[PDB]
Amino acid sequence: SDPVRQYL
Amino acid sequence: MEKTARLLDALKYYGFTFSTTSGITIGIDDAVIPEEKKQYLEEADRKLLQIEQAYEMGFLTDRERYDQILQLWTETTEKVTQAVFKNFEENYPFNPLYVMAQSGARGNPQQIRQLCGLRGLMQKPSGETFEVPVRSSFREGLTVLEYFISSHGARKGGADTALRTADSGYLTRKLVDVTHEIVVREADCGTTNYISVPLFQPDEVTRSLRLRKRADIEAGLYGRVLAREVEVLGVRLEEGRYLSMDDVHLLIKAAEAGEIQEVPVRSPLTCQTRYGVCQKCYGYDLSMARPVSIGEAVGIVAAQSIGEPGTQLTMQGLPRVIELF
Amino acid sequence: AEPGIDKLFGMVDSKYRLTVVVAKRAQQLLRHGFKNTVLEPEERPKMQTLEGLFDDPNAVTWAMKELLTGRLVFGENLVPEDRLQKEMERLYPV
Amino acid sequence: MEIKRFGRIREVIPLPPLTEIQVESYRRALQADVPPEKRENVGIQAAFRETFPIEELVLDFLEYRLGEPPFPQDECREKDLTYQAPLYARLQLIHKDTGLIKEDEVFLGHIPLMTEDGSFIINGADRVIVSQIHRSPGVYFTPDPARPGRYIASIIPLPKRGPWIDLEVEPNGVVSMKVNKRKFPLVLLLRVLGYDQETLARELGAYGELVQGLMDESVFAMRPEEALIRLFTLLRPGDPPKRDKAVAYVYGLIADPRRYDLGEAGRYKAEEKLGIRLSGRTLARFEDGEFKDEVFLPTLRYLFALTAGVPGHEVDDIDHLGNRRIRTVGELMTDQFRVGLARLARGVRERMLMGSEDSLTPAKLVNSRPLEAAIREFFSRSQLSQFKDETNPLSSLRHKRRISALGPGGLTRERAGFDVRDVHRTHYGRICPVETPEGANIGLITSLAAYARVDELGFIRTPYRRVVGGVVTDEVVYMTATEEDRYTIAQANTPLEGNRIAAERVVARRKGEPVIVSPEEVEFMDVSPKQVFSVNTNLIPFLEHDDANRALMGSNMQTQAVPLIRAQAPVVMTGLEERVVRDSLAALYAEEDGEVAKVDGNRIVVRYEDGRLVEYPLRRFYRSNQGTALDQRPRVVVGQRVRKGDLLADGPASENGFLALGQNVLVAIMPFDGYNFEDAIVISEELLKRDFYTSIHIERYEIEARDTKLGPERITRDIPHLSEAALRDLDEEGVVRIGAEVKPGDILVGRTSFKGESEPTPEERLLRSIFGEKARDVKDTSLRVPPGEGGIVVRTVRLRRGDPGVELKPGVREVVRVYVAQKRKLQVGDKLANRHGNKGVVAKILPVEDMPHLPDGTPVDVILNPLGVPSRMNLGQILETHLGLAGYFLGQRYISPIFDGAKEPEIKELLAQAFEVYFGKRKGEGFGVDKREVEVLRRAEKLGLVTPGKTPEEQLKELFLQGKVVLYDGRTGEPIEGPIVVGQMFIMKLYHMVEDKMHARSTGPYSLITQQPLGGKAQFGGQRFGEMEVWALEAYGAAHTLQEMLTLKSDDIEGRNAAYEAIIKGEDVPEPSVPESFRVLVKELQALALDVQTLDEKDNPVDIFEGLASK
Amino acid sequence: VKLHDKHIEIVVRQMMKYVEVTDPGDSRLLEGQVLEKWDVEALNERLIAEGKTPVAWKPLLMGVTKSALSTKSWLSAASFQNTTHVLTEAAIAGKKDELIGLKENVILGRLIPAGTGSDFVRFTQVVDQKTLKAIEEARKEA
Amino acid sequence: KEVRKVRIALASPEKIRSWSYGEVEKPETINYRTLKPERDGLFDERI
Amino acid sequence: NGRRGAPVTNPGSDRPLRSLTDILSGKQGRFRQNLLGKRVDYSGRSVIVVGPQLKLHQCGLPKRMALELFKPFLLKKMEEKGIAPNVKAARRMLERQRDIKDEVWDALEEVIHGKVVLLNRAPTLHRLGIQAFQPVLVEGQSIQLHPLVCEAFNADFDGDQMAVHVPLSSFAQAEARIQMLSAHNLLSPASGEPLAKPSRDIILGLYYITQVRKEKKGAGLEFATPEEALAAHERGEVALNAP
DNA sequence: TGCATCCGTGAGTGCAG
DNA sequence: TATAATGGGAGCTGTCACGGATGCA
Ligand SMILES: Nc1ccn([C@@H]2O[C@H](COP(=O)(O)OP(=O)(O)OP(=O)(O)O)C[C@H]2O)c(=O)n1
Ligand SMILES: [Mg+2]
Ligand SMILES: [Mg+2]
Ligand SMILES: [Zn+2]
């Protein structure tokens, strides 16, 4: 959903 | 039109000069508190504790009491509103409130009642009515408490007109988007199909047929085009005829006689013109009390004709219209 | 109201066909200097300037009075468009 | 003249200071006058103690201070600055490891100060911070709208200081918990706090219903710190649940009193609600290693016992005024302050853990600007920072007392239902029920009751006298709506002997319901009728004869009353007209006893008994936000011996110290030949003659001279191609001369600007080659006057740079402002109104010879048509005239208190005493009755106004007592066939004058992308022909007229340019091409990868770009 | 509120403008597919013409909102409401708007097909008899 | 010729390129000194 | 933008950027705010004010509104007489208010002869928020509305304002005079009833003069002979209108 | 298969601003 | 251009009603 927690 | 226009400036001119020399005014002394009032006010309290006792003696409930406390006070309001107008027409028939309301120049019985009699039962914020009515008149003057109680109602109507408007407006825009392409594109689509306007409404009171209200029949019939011959009270109304306002009043009379129950009429529910309607299935250009000119954007007219009233529709109210459209 | 409107609506089959005939004729006159008018100098619409009476400039006032005279023909497919737009620039030049 | 008062109510306390909500609140947030030692942790201070100290190296907070302002209020007003104070804050940095101590006092920027009348100057423009109403911090219970017998519980903190949490008990028996819209079983949480299965029944132990249902040991099979990680899973799908980060999350959501603050109010509310004291404004604690709950179990207690039947577990009326509360200005600005401090700390720790951990100071570890911009922001673009309403001194005072339910932290328009807008039973004596706006904002913006005040917790409360036994004390006490509901409170006007309750029935409310009750049962009494209504509403005489819906317009239109040069206070008043001028801080008074030394159009100096020579100077002809001359005039003469508190100068709309929003005029109430139609008003030319309804107005006209890439802009008197006529009123520099007459077209300031890459084209170079004048390189960019404006140059400000004092936005050399005055007589189109909701537009001005007049030759001033009254039901205006008749012949004014004023006998008595003056004067001056007065009386008798068989004087007497008099049409001398109502009425000029509103355009500016004409008078607009108008033209079948509005008149640039050549040339207008705005539509769909194609009938494209986009 | 039935009818008639298929007979249509009642009655002629089976259909009652969004003209429908849903679906089908109704021509800015703009009246000519007779005489002989 | 319909349909990438006059290579607007458009950017006039 | 996930805001505010679909759609979208209706040239606004002297087909247009709204036409006529040498100098006369000479107004009066303007009032609920009028010039700012048309517009004079629109082509002029002129639009298109019709003062004036007194003095006596009835009334015992 | 349940889309006009 | 440094940070709250597409006993 949240494209930063994804990459994190 | 030309003459009615001149006729109209004419009524404009004289009606205006007369209005001023006539001597019409408003002084506090024109709000005639009829004296029948305190009879009815006294007559109420006794019957009020006439019910505060069939409960004081635990004879029946609060849901029972309230139910009947407020039927008392509403038919009381009726009484004094009457005595206001009886007292006017019998004694001071040239009083300015009476004149103004009676002609249709302003005012109506329920406002005028609140100048002269009592204000009445007021609303509580919820939607329930106060069992205490404000008995003060506007001539007499309200108690601060009466003034406050009376405040909820007005605000709850202020909010009403403000939200509601949004819906009337929105509703109108839908109506235009769904009818706009509808124009009067040809003279006759040759359809052999029609609709039968009833002059009778099948009751459940007698659950027999009773005649329908005149204005309602005028609105199903005025300016239509008969799709079949009709012969009533020796008159012959022919296929193709645009029912004039008199053709209408006639058929109501033929129906009061028993010669007719429903009139076959060329409706646009049955026009077969593509993308529009034809002349016959439409009828008059009501704006001109004559058959409609090919080219009239009827669909847009329709929409403006249905939307413009709702502002202005107080509940169901306008909701029910929307739930239907 | 417009002088003699109820009879205008009587000539046409639909009120909007009057409007188009009027507005068309109205402009035949504006470009041509009225010379094609089918009025006589007493029927001429006249306005009143501060100096004195003068021919009405409003080509529509004209067109409508003209229509009442009967001295005009209305209908569809009566001429080639370009045979008119010069036979008239011939009979009454710009 | 003499002033008769009516009314039997002895009002114990006065109206309180009517700006207190604005002044008390701010000063209580600054404390700029409290010795720092003695300050108190609320407001500006409290924010400091919240954000500090900054944590790993540790930076701590000592104290703050405030300096006086760089410039005084007026100075900032003129120079478009802000009236602010410097904010210094003394800080000590200490090193987490060594003992480092540095200590500086670092400048944080300027805080904007509040003037005496309780407003603000922000970029040199007075503004007001409207209090905000919102639900109040606390815990509430409310029935579930789905399942009739189950109830949600809600936990609400101050806005943006915590999350909302709901406790709906699901249809599976065990209780739920919502946070950031995530549901999960409650027990998991109670575990984390250290809870044991038994200490639950040990505390609930009643409701085997669900006390026993809430328990589910799939969860109990864990220690506290176990479920603690159990839950972090439930709110962070993806974050690794390390026990240093899961404690960090919940703590930072439920116990960290640094982003979770229940109100200070919220503590007390849920405190007394749940019957438990509270350590801090915080749900949970972190004490001795783990979590120690404070609120969740108490809340849990209530909810359950409600869902069975328990006593004292009521739902809550969330619209009650014990559960709604007010964010006054001080609070609202501190919130923004707690947000600058918050950002500033994000940036210190950033430079704490990078840059040098030992050679650092408070000075360079703080960048103030994040604070600066948060303040600047709240004051320059908030929805609660409003351009001040200083139309007249009341409009400014009413503003400061306004209440918005809207705004950041409140409701969006769409959020607003009914219940927020309804009048609440508890508004009684707190929020006026009349003064609200008609339209969308109805019931969101409201006004502060006149006697009401907001307490330290932010609740409105209202005073009531205590009645004990049956006798009424003078001890007044202010109650929140909650304690109010405890008592039986009798009405303001219950009749007394001395201080005992005479009546045997008393008219009282319990919990706002109206009850009839004996004086033994009565505990308190209203203070005054004035305590239920707005300030404006309280200015309305005979309010109790006016329907509510037009008392409301009467209230609001006041604030729109234009200050009149001959303004006068109403001949009928309510007894507040004086205070209002007082607190309006616009009139000018005497500080102590003394004597008047000098007096002058410009200043007033007074020698005091204290030997001081105080010199008050006079704000003479100041322009207000709305253009309405704010002018102070002196009301004492040299030597006048003045006690303390007496008047020295009249403000605007003040006449010897009474609020003068309009003028008293002789009013006749009758149709008048059409010019009365549908609320239009007819007036006597005599009103312009004696300069009634005339008002001074000023418009500022600014211009800037700026540095360009093509040259500088010059403010000159040297403007090419312009005739000495066109310059005769300009000084050598290019400024109009103070004291001139400027009208449309006139240059006020010459300005020159350099010509671009259109330096003359061939067509133009050649044309000048003929005229022996070669291309000039500068341009006339002067500032002219716009259409429909003009006046008398009153003043000019010239700010250059290179001069002292001054420095302007980058790239501007000099700016010039020129203020222009206009005297405005009343005129056909201006709008008039009276305090009863009667409003109309002056439709005709007759010469005095046509005005109706009375037999003794006097002509009426105003003719108001009676058709206005009946349907509007605002009878009070009728009384206002009758008693105004009397006062016009006895030379009297009256004070009729609202709801406690002059009744009908009391005024009919006055109306007789006036009759003798009006007529007896006559029968002695050699004139008897008149022949037309008998013809009228003949008629009046048929009507039934007069008693048949009675002397003319007897009968005229009878009509006079009715407010009615004989009236002669001045066009004929013949009487009005009837007797009319003539009297004296207070009637104001409203801000809505035709001069501000007549506008028209042939052609003008256009819009960048759409090429359609701009909007608004100031842009030289065009008129929006919207969807509904298009429909109109559509319904008529006006095809060509519609097409015109859609092409030639808006954005068919070809045929538009093509037409305005055809008109000027006398040729019919060209048939139109495609609107340039449809093209914009095509290209905007292309830019979405959508291929829109115009096609001829044989289906092959049509280039509506005439090849300009083909290749 | 006196208000002539004919107005409501016109609207209602649009509410009933569409129909649902129930057996495609011998056509490319599909059970459940919705379309204008005109367009199925239209080709059910083309099918009684080539003698094949006719489409079984069924009356559909839509409300006003849906009935406008379902109109043929994607320019009317897009400018109404639900612009992207309207616009995507029309682009996919390469919908070509015939410009039959009013909004369609309002956005293009052409003469609307009503009133003075109605094909029934817009083509009318007006000539004075002293120019109609003028031009009919030369054109009698070649 | 005379517009009589309005077609709307999908843009093939080739077609999008069929429209284009320029690939906007740089995210530059206009030169911070010349105030003229930087080339290969959103206002480049060669495109 | 905004459609999926977070919306792209610029730094230092929370304001979604305006995506191409945002441009296209909504009440402020391109369709509803620029295609189905634009702003327009040759149009003005002002306060309305009742003119009872007006004839049904007329209105009161401030001459200053008139000058601008017809500025092209005035410029030409100003030449076709000679109040200026050419059109461009004619325009510079009317640009500063001092330079306007009296025969400009006689020149305008010439201009608007016969042609009508359009009046619009606030909510155009139906076809008759717009009607057409021959304008007669007037000093002063306010527009003059005819009392008969106030109902259709729902106009009173608590401060209402109205919009003015000059048709331009001979076709638009012919449309307004024939189809949209007030006097031709007397019946409602919704009910077919009349819509221009007496209202507040006008009926009050006629009711008064057409009511009849009913007096109570005589109270219905029985007299056999007129001869004596009069006498009784001359006695003062029986009021003139008693039945 | 029938029915919760979520996601997305609407929510009057013009003028002042 | 070179100590060593290795998974973010702020949610936002009091509308509503309908229509369609999806999940679930
Ligand atoms: N949000 C609003 C507010 C007002 N108006 C216009 O202004 C009119 C409101 O005036 P009212 O006084 O409320 O209505 P009247 O019909 O004039 O009342 P009355 O019978 O007492 O004259 C309605 C409407 O034409 C509007 O369209 N939209
Ligand atoms: Mg109005
Ligand atoms: Mg009204
Ligand atoms: Zn048909």
# chains A, B, ... in the order shown; residues from 1 in each chain; ligands from 1

$ residues_near_ligand --ligand "ligand 1" --cutoff "7 Å" --atoms "only C-alpha atoms (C1' of nucleotides) and all ligand atoms" --output "PyMOL selection string"
(chain B and resi 162) or (chain D and resi 439+871-872) or (chain G and resi 122-123+154-156) or (chain H and resi 13)

$ select_by_dssp --residues "chain F" --states "strand (DSSP E)" --output "list in words"
residues 5, 6, 7, 8, 9 and 10 of chain F

$ write_last_selection --atoms "C-alpha atoms" --output "compact mmCIF listing (two decimals), in the first residue's frame"
# COMPACT_ATOMS: atom_id res chain seq x y z
CA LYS F 5 -19.59 14.23 -35.51
CA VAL F 6 -16.96 13.94 -32.81
CA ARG F 7 -15.00 10.65 -32.51
CA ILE F 8 -13.07 9.69 -29.39
CA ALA F 9 -10.68 6.77 -29.18
CA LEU F 10 -7.38 5.47 -27.84

$ closest_atom_pairs --of "chain G" --to "ligand 3" --cutoff "12 Å" --atoms "only C-alpha atoms and all ligand atoms" --output "tab-separated table"
residue	atom	partner	partner_atom_place_in_ligand_line	distance
G:150	CA	ligand 3	1 (Mg)	10.4
G:151	CA	ligand 3	1 (Mg)	10.3
G:153	CA	ligand 3	1 (Mg)	11.8
G:154	CA	ligand 3	1 (Mg)	8.3
G:155	CA	ligand 3	1 (Mg)	7.8
G:156	CA	ligand 3	1 (Mg)	5.6
G:157	CA	ligand 3	1 (Mg)	7.8
G:158	CA	ligand 3	1 (Mg)	7.2
G:159	CA	ligand 3	1 (Mg)	10.3
G:160	CA	ligand 3	1 (Mg)	10.1
G:200	CA	ligand 3	1 (Mg)	11.1

$ write_last_selection --atoms "N, CA, C and O atoms" --output "compact mmCIF listing (two decimals), in the first residue's frame"
# COMPACT_ATOMS: atom_id res chain seq x y z
N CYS G 150 -41.88 41.00 -12.02
CA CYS G 150 -41.20 40.62 -10.79
C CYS G 150 -41.50 39.18 -10.36
O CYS G 150 -40.65 38.54 -9.72
N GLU G 151 -42.68 38.64 -10.67
CA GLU G 151 -43.02 37.29 -10.20
C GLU G 151 -42.17 36.25 -10.88
O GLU G 151 -41.56 35.39 -10.23
N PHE G 153 -39.29 36.47 -12.40
CA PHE G 153 -37.93 36.50 -11.89
C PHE G 153 -37.86 36.22 -10.39
O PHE G 153 -36.75 36.04 -9.86
N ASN G 154 -38.98 36.19 -9.68
CA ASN G 154 -38.97 36.22 -8.22
C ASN G 154 -38.15 37.40 -7.69
O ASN G 154 -37.43 37.30 -6.69
N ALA G 155 -38.30 38.56 -8.36
CA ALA G 155 -37.63 39.79 -7.97
C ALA G 155 -38.52 40.62 -7.03
O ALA G 155 -39.70 40.83 -7.33
N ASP G 156 -37.97 41.04 -5.90
CA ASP G 156 -38.46 42.13 -5.09
C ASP G 156 -37.33 43.15 -5.04
O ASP G 156 -36.47 43.15 -5.91
N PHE G 157 -37.41 44.11 -4.12
CA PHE G 157 -36.46 45.23 -4.10
C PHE G 157 -35.93 45.45 -2.69
O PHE G 157 -35.76 46.60 -2.24
N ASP G 158 -35.66 44.34 -1.98
CA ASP G 158 -34.79 44.28 -0.81
C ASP G 158 -33.32 44.41 -1.19
O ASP G 158 -32.46 44.11 -0.36
N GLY G 159 -33.00 44.82 -2.42
CA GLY G 159 -31.63 44.91 -2.88
C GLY G 159 -31.21 43.95 -4.00
O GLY G 159 -30.01 43.82 -4.26
N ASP G 160 -32.15 43.28 -4.66
CA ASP G 160 -31.85 42.35 -5.74
C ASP G 160 -31.00 43.05 -6.79
O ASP G 160 -30.94 44.28 -6.82
N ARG G 200 -49.16 42.48 -5.67
CA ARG G 200 -49.46 43.12 -4.39
C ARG G 200 -50.27 44.42 -4.45
O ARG G 200 -51.47 44.37 -4.18

$ residues_near_ligand --ligand "ligand 4" --cutoff "6 Å" --atoms "only C-alpha atoms (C1' of nucleotides) and all ligand atoms" --output "PyMOL selection string"
chain B and resi 188-189+271-273+277-278+281

$ residues_around --residues "residue 881 of chain D" --least-positions-apart "3" --cutoff "10 Å" --atoms "only C-alpha atoms (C1' of nucleotides)" --output "PyMOL selection string"
(chain B and resi 27-28) or (chain D and resi 571-572+665-669+876-878+884-888+963+981-986)

$ write_last_selection --atoms "N, CA, C and O atoms" --output "tab-separated table (two decimals), in the first residue's frame"
chain	number	residue	atom	x	y	z
B	27	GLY	N	-51.62	50.04	11.58
B	27	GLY	CA	-51.34	50.53	12.91
B	27	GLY	C	-51.63	49.42	13.89
B	27	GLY	O	-52.45	48.53	13.62
B	28	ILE	N	-50.98	49.48	15.04
B	28	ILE	CA	-51.02	48.35	15.96
B	28	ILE	C	-52.47	48.00	16.25
B	28	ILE	O	-52.81	46.86	16.60
D	571	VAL	N	-34.74	57.39	18.25
D	571	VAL	CA	-35.70	58.00	19.18
D	571	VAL	C	-36.33	56.97	20.10
D	571	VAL	O	-36.90	57.33	21.13
D	572	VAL	N	-36.26	55.69	19.74
D	572	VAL	CA	-36.62	54.60	20.64
D	572	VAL	C	-35.39	53.72	20.82
D	572	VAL	O	-34.83	53.22	19.84
D	665	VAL	N	-36.51	59.47	11.01
D	665	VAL	CA	-37.21	60.18	9.96
D	665	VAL	C	-38.71	60.10	10.19
D	665	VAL	O	-39.23	59.23	10.89
D	666	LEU	N	-39.41	61.06	9.59
D	666	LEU	CA	-40.86	61.12	9.62
D	666	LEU	C	-41.39	60.16	8.57
D	666	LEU	O	-41.20	60.38	7.37
D	667	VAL	N	-42.04	59.09	9.01
D	667	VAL	CA	-42.37	57.98	8.13
D	667	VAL	C	-43.88	57.92	7.95
D	667	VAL	O	-44.63	58.01	8.93
D	668	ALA	N	-44.31	57.79	6.70
D	668	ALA	CA	-45.70	57.57	6.36
D	668	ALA	C	-45.84	56.18	5.74
D	668	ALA	O	-45.02	55.78	4.90
D	669	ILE	N	-46.89	55.46	6.14
D	669	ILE	CA	-47.05	54.05	5.81
D	669	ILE	C	-48.25	53.91	4.89
D	669	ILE	O	-49.38	53.77	5.36
D	876	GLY	N	-43.15	45.06	15.70
D	876	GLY	CA	-42.39	46.02	16.48
D	876	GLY	C	-42.12	47.32	15.74
D	876	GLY	O	-42.03	48.39	16.35
D	877	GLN	N	-41.93	47.24	14.43
D	877	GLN	CA	-41.69	48.50	13.73
D	877	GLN	C	-42.91	49.39	13.85
D	877	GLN	O	-42.79	50.62	13.87
D	878	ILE	N	-44.09	48.79	13.96
D	878	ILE	CA	-45.31	49.57	14.07
D	878	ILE	C	-45.35	50.33	15.39
D	878	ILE	O	-45.47	51.57	15.40
D	884	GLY	N	-43.04	56.89	18.35
D	884	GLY	CA	-42.22	57.88	17.67
D	884	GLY	C	-43.01	59.09	17.26
D	884	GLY	O	-42.45	60.19	17.18
D	885	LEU	N	-44.31	58.91	16.99
D	885	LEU	CA	-45.23	60.03	16.82
D	885	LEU	C	-45.22	60.91	18.06
D	885	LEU	O	-44.77	62.06	18.02
D	886	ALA	N	-45.66	60.34	19.19
D	886	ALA	CA	-45.59	61.01	20.49
D	886	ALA	C	-44.28	61.77	20.66
D	886	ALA	O	-44.28	62.99	20.83
D	887	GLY	N	-43.15	61.05	20.60
D	887	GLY	CA	-41.87	61.69	20.83
D	887	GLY	C	-41.60	62.84	19.89
D	887	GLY	O	-40.84	63.75	20.24
D	888	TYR	N	-42.22	62.84	18.71
D	888	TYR	CA	-41.95	63.90	17.75
D	888	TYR	C	-42.63	65.20	18.12
D	888	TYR	O	-42.21	66.26	17.65
D	963	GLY	N	-52.24	55.84	16.38
D	963	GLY	CA	-51.11	56.10	15.54
D	963	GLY	C	-51.45	56.76	14.23
D	963	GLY	O	-50.53	56.97	13.41
D	981	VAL	N	-50.96	55.91	9.14
D	981	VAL	CA	-50.04	55.77	10.26
D	981	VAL	C	-48.81	56.60	9.92
D	981	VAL	O	-48.05	56.25	9.01
D	982	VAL	N	-48.61	57.71	10.62
D	982	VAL	CA	-47.40	58.51	10.47
D	982	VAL	C	-46.70	58.57	11.81
D	982	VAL	O	-47.36	58.68	12.86
D	983	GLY	N	-45.38	58.46	11.78
D	983	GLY	CA	-44.59	58.42	12.99
D	983	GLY	C	-43.10	58.47	12.69
D	983	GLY	O	-42.67	58.66	11.54
D	984	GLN	N	-42.31	58.31	13.75
D	984	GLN	CA	-40.88	58.51	13.71
D	984	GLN	C	-40.16	57.18	13.91
D	984	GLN	O	-40.35	56.52	14.94
D	985	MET	N	-39.31	56.82	12.94
D	985	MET	CA	-38.71	55.50	12.82
D	985	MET	C	-37.21	55.62	12.61
D	985	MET	O	-36.74	56.52	11.89
D	986	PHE	N	-36.46	54.73	13.25
D	986	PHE	CA	-35.01	54.67	13.11
D	986	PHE	C	-34.63	53.79	11.92
D	986	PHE	O	-34.90	52.58	11.94

$ residues_around --residues "residue 2 of chain A" --least-positions-apart "4" --cutoff "12 Å" --atoms "only C-alpha atoms (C1' of nucleotides)" --output "list in words"
residues 6, 7 and 8 of chain A; 236, 237 and 238 of chain D; 4, 5 and 6 of chain G; 8 and 9 of chain I

$ residues_around --residues "residue 133 of chain E" --least-positions-apart "2" --cutoff "12 Å" --atoms "only C-alpha atoms (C1' of nucleotides)" --output "number ranges by chain"
C: 71-73, 78-79, 84, 87-88; E: 127-131, 135-140

$ select_by_dssp --residues "chain E" --states "alpha helix (DSSP H)" --output "ChimeraX atom specification"
/E:5-15,37-49,64-69,74-80,83-92,102-108,129-138

$ closest_residue --among "D:497, D:679, D:941, D:2" --to "ligand 2" --atoms "only C-alpha atoms and all ligand atoms"
D:679

$ closest_residue --among "E:90, E:134, E:30, E:112" --to "chain F" --atoms "only C-alpha atoms"
E:90

$ closest_atom_pairs --of "chain D" --to "chain F" --cutoff "6 Å" --atoms "only C-alpha atoms" --output "tab-separated table"
residue	atom	partner	partner_atom	distance
D:1089	CA	F:11	CA	5.1
D:1090	CA	F:10	CA	5.2
D:1091	CA	F:9	CA	5.2
D:1092	CA	F:8	CA	4.4
D:1093	CA	F:7	CA	4.9
D:1094	CA	F:6	CA	4.7
D:1095	CA	F:5	CA	5.1
D:1096	CA	F:3	CA	4.5
D:1097	CA	F:4	CA	5.5

$ atom_distance --atom1 "atom CA of residue 106 of chain G" --atom2 "atom CA of residue 49 of chain C"
7.8 Å
